[PDB]
Amino acid sequence: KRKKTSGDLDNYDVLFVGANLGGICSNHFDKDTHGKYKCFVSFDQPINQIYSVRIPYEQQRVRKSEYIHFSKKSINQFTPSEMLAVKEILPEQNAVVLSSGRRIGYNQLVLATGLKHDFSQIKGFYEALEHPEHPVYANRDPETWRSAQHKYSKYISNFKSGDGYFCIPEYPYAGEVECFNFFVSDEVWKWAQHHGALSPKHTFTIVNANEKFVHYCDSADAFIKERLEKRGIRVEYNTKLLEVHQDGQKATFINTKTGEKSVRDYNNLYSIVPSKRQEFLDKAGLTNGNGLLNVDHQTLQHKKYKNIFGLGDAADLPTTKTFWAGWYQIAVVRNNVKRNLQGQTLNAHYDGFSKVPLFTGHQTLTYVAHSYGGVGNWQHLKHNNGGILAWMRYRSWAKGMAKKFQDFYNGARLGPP
Ligand SMILES: NC(=O)c1ccc[n+]([C@@H]2O[C@H](COP(=O)([O-])OP(=O)(O)OC[C@H]3O[C@@H](n4cnc5c(N)ncnc54)[C@H](O)[C@@H]3O)[C@@H](O)[C@H]2O)c1
C-alpha cells in the first residue's frame with residue numbers, strides 16, 4: 001500500500017537531525033499528518049543508551065537488552081534514514097551537506113543533535129573506563145563491551161577502601177539529575193561501614209565544577225545541598241576533573257576559580273561524561289555562546305531562520321534537559337513544523353515542563369517536576385525522605401520504564417497524555 005520514500009533524493013520537505021528524540025518526532029509527525037510529506041533522518045551513532053534508567057541499570061534491575069536500543073528502531077519503516085553526520089548546514093540555501101558530501105535540501109529542518117560526549121576532555125579516561133577491572137566508572141557504557149561485561153554495577157558494590165570521587169563536569173552537560181547516584185551509594189556504603197566491608201580509611205567527596213547542581217531549578221538545588229549535608233557528604237565546587245593516570249591511580253583536578261590544580265589518589269572514580277560543542281553549528285551561526293541553539297522559548301523556532309527548529313539538549317532552554325521535557329518538545333515541534341508547511345501561525349507553546357526522578361535512596365525516589373520559571377508542580381520534591389509512597393514510585397520506574405522505551409520507538413505508546 002504505502003511505499004517507503006526514497007533516501008536517494010536531492011531534497012525533502014522535512015529533515016530531522018537525530019534519532020533519539022528526532023526520530024520519535026518523525027514517527028509522530030507522520031501519524032499527525034498521515035504521510036503527506038517525505039521526511040529524511042540522519043543520525044550519527046548506532047546505539048541509543050537509555051540514560052533515564054541508568055541507575056536502575058547499575059542496580060541490575062534492568063537488563064542490558066532493555067538499556068541498549070538501536071537508533072534505527074526510533075525511526076519508522078517508511079521514513080528513510082542514513083547513519084551519516086551532517087558536515088555543515090547552509091541555512092541561507094536551505095541545504096545540508098553530509099560527511100560523504102551529498103548535498104541535501106530541505107523546507108524545514110529539525111535539529112536534535114543533543115550534547116556530544118567528548119571523552120577526550122578528560123585525558124586517559126576512556127581507556128580506564130574500558131578496562132574491565134579499573135575503578136574508573138562513567139555515565140555510559142563504551143561500545144566495545146560485550147553482553148557479559150557488568151563493570152557498571154561494580155561501582156557501589158566494589159568500594160572496599162580508598163578515596164572515591166564523583167565528578168560533575170562543566171555545564172552544559174547531559175544527565176543532570178537523572179545520573180546523580182550519590183544518594184543510593186551513600187545508603188549502600190552506610191551499611192558497608194557497619195559490617196566492615198568498607199574501611200574507615202576512606203573518603204568520598206563530590207567534585208562539582210559547576211557552582212550548583214541544578215542551574216534552572218533553585219528548589220531542587222537547595223534540597224540537594226541541604227540533603228547532601230544531612231547525610232554527611234562533602235562537596236568541592238568550581239573543581240573539574242582534568243586528567244586520569246591509570247597506572248598510579250592519580251586524578252588531576254583543577255579549581256577553575258583559582259586556576260590551581262591538584263593531584264589526588266583515587267580508588268573509586270565516577271564521572272558524568274563531559275560534552276563538547278559541535279562547530280558546524282557555530283560556523284552556521286545558529287548557536288549562542290555556550291553552543292546551544294538560539295531558539296524561541298515558547299515555539300522552539302529559531303530566532304532567525306524561521307524554518308529551523310531545535311529540541312532536546314541542543315536547544316538553549318531555561319529548564320532541566322530531561323526526556324519528559326522532550327516528550328513535550330516533540331508535541332510542539334511537530335505542530336509548528338506542520339503549521340509552517342501550511343503557512344499557518346505557530347499555535348503551540350512550550351511551558352518549560354521537565355520531569356526527572358531523583359533517587360534519594362537505594363529504593364526510593366522523588367520527582368523533580370518544574371516549569372520554565374523553576375516553579376514546581378504537585379510532585380516537586382514530594383515524599384523526599386523515603387517511605388511507602390516513594391518505595392512504590394521507585395518500582396514503577398525501575399521495573400516498569402525500560403519495558404516502555406520499546407513502544408516509544410515503535411510508536412505503540414505515545415507521550416504521557
Ligand atoms: N544522562 C546522560 O549522560 C545522557 C546523555 C545523552 C542523552 N541523554 C538523554 O537523552 C535525551 C535526549 O537527548 P537528545 O535527543 O537531546 O540528544 P542525544 O544525546 O540523544 O543524541 C542526539 C542524536 O543526534 C545525533 N547527532 C549528534 N551530532 C550529530 C551530527 N553532526 N549529525 C547528525 N546527527 C548527530 C546523535 O547521534 C543522536 O542520534 C536527553 O533529554 C537525555 O535525557 C542522557
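Residues numbered from 1 in each chain as written, not as in the entry; some residues may be left out. Heavy atoms only, no water.

- As summarised from the PDB record, the model derives from cryo-EM at a stated resolution of 2.8 Å.

- As recorded by the PDB entry, the protein chain carries the name ATPTT1 and is attributed to Tetrahymena thermophila.
- This entry's official PDB title is "Cryo-EM structure of Tetrahymena thermophila mitochondrial ATP synthase - Fo-wing region".

## Remarks on the overall build of the protein chain
Phase 1 of the analysis: If you tally the helices and strands in the protein chain, you get eleven helices and 24 strands.
Phase 2 of the analysis: For 417 residues, the compact-globule estimate of 2.2 N^0.38 gives 22 Å, and the protein chain sits close to it at 22 Å.
Phase 3 of the analysis: Burial analysis of the protein chain (417 residues in total) assigns 57% to the buried set.
Phase 4 of the analysis: Sequence separation of 24 or more characterises 65% of the internal contacts of the protein chain that already satisfy a separation of 6 or more.
Phase 5 of the analysis: For the protein chain, the exposed surface amounts to about 18,200 Å²; the carbon and sulfur share of it is 49%.
Phase 6 of the analysis: Of note, the protein chain has its 54 positive side-chain charges centred 6 Å away from the centre of its 40 negative side-chain charges. (Helix = DSSP H or I, 4+ residues; strand = E, 2+ residues; numbered from the N terminus. Rg over C-alpha atoms; globule rule 2.2 N^0.38 Å. Buried < 20%, exposed > 50% of the residue type's maximum accessible area, 1.4 Å probe, protein only. Contact = heavy atoms within 4.5 Å. Areas by Shrake-Rupley, 256 points an atom, 1.4 Å probe, with all protein chains shown as cover. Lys, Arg positive; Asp, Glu negative; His and termini not counted. Charge placed at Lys NZ, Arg CZ, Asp CG, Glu CD.)

## Description of the packing of helix 1 (residues 21-33) against helix 9 (residues 323-341)
Phase 1 of the analysis: Interaxial distance between helix 1 and helix 9 falls to 9 Å at its minimum, and their mutual angle equals 45°. Between helix 1 and helix 9, the interaxial angle falls into the category oblique. As for the relative orientation of helix 1 and helix 9, their crossing is right-handed in sense. Contacts between helix 1 and helix 9 involve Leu21, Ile24, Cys25, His28, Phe29 and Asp32 from the first element and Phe323, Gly326, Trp327, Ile330, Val333, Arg334, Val337, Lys338 and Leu341 from the second.
Phase 2 of the analysis: Looking at the contact of helix 1 with helix 9 residue by residue, the classes come out as ten nonpolar, two polar and three charged. (Axes fitted to C-alpha atoms, helices over the stretch in contact; angles between N-to-C directions. Parallel < 35°, antiparallel > 145°, perpendicular 65-115°, else oblique. Left-handed = near helix turned anticlockwise from the far one by under 90°. Nonpolar A, V, L, I, M, F, W, Y, C, P; charged D, E, K, R; others polar.)

## Considerations on the layout of surface pockets
Phase 1 of the analysis: A volume near 1,000 Å³ is recorded for the largest pocket.
Phase 2 of the analysis: Here the residues of the lining of the largest pocket sort into 18 nonpolar, 18 polar and seven charged.
Phase 3 of the analysis: Each of two domains, domain 1 (14-113 + 278-352) and domain 2 (119-275), supplies a minimum of three residues to the lining of the largest pocket.
Phase 4 of the analysis: Quantified by volume, the second largest pocket comes out at close to 460 Å³.
Phase 5 of the analysis: Elements with a contribution of two residues or more to the lining of the second largest pocket: strand 12 (162-168), strand 15 (239-245), strand 19 (275-276) and strand 21 (292-293).
Phase 6 of the analysis: Considering each element in turn, the lining of the second largest pocket owes the most residues, three residues, to strand 15. (1 Å grid on protein atoms, 1.4 Å probe; cavity = no way out; pocket = protein on both sides within 12 Å on 5 of 7 lines; lining within 4 Å. Points joined across faces, edges and corners; volume = space filled by probe spheres on them. Domains from an automatic or database assignment.)

## Thoughts on the site of the ligand
Phase 1 of the analysis: As a matter of local geometry, the ligand sits amid 28 residues, with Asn139, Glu178, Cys179, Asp313 and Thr322 nearest to it.
Phase 2 of the analysis: Contact distances for the ligand include 3.4 Å between an oxygen atom and a backbone N or O atom of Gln45.
Phase 3 of the analysis: Among the detected pockets, the ligand sits in the largest pocket.
Phase 4 of the analysis: Of the residues contributing to the shell around the ligand, the split by class is twelve nonpolar, twelve polar and four charged.
Phase 5 of the analysis: Residue assignment places the shell around the ligand across two domains, with domain 1 (14-113 + 278-352) and domain 2 (119-275) each supplying three or more. (Near = heavy atom within 4 Å. Polar contact = N/O pair within 3.5 Å; in protein donor to acceptor, adjacent residues only side chain to side chain. Sits in = over half its atoms within 2 Å of the grid points.)

## A closer look at a nonpolar patch on the surface
Phase 1 of the analysis: On the surface, a nonpolar cluster with roughly 430 Å² of combined accessible area is contributed by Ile388, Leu389, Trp391 and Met392.
Phase 2 of the analysis: Along the chain, the position of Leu389 falls in helix 10 (residues 388-398). (Patch = residues over 30% accessible without salt bridge, like charges linked within 9 Å, V, L, I, M, F, W, Y side chains within 5 Å. Salt bridge = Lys/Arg side-chain N within 4 Å of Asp/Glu carboxyl O.)

## Observations concerning the domain arrangement of the protein chain
Interface size is often expressed as the accessible area that is lost when the parts come together.
Phase 1 of the analysis: Domain boundaries in the protein chain define domain 1 (14-113 + 278-352) and domain 2 (119-275).
Phase 2 of the analysis: Using only C-alpha atoms to locate each centre, domain 1 and domain 2 end up separated by 30 Å.
Phase 3 of the analysis: Of the residues lining the interface, 19 residues belong to domain 1; the matching set on domain 2 comes to 22 residues.
Phase 4 of the analysis: Between domain 1 and domain 2, the buried area comes to about 1,900 Å², and carbon and sulfur atoms account for 50% of it.
Phase 5 of the analysis: The largest share of the area that domain 1 buries against domain 2 comes from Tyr51, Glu58 and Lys64, three residues that together contribute 30% of it.
Phase 6 of the analysis: In this structure, the connection of domain 1 to domain 2 is made through one salt bridge.
Phase 7 of the analysis: One can count nine residue pairs in polar contact joining domain 1 with domain 2.
Phase 8 of the analysis: The biggest single contributor to the side of domain 1 that touches domain 2 is helix 2 (residues 54-58), with four residues. (Buried area = accessible area lost by both parts, 1.4 Å probe.)

## A few points about the UniProt feature "domain: FAD/NAD(P)-binding" (unreviewed entry) in the protein chain
Phase 1 of the analysis: UniProt marks residues 203-319 with the feature "domain: FAD/NAD(P)-binding" (unreviewed entry), using the numbering shown here.
Phase 2 of the analysis: Within the segment residues 203-319, helix and strand shares are 15% and 36% respectively, and the terminal C-alpha atoms sit 33 Å apart. (UniProt positions renumbered as here; feature names shortened; annotations may be inferred.)

## Some words on the environment of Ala398
Phase 1 of the analysis: For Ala398, the location among the structural elements is in helix 10.
Phase 2 of the analysis: Sequence separation between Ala398 and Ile156 is 242 residues; the distance between their C-alpha atoms is 17 Å.

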